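Form deposited without the partner chain, single chain, as structure tokens, below.
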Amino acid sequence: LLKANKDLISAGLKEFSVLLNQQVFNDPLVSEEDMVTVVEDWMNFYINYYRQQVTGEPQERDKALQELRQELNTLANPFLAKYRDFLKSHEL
């Protein structure tokens, strides 16, 4: 209900999707642990962000927060892989 709610989600969606796909690949390169922290921060930051940026009944808010948590959890899986493979491509 209300395009406003779905709009906020889509914003976090396009933001994350574009962010993962628009990351910058330049040396020096960031490590996996550093990327993980950044990803986690992005995930908790967005999660808390959306829990407070909702309207209407509390039930809808929760569905947005739950779907988001699963949304990032899935969306992050492929990103970490791209960087994982990007890390392996190194030499040593």
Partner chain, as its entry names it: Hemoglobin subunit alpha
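Numbering follows the first chain given and starts at 1.
Separately, the form solved in complex with the partner chain exists; it is not shown, and the next lines address it.
Shown without its partner, this chain lists 55, 59, 37, 66 as candidates; in the bound PDB entry, only 37 has a non-hydrogen atom within 4.5 angstroms of the partner chain.
Contact annotation: of the candidates 77, 70, 22, 10, the single residue with a non-hydrogen atom within 4.5 angstroms of the partner chain in the bound PDB entry is 22.
Looking at 13 to 34, the residues that come within 4.5 Å of the partner chain in the bound PDB entry, counting any heavy atom, are 15, 19, 22, 23, 26, 27, 28, 29, 30, 34.
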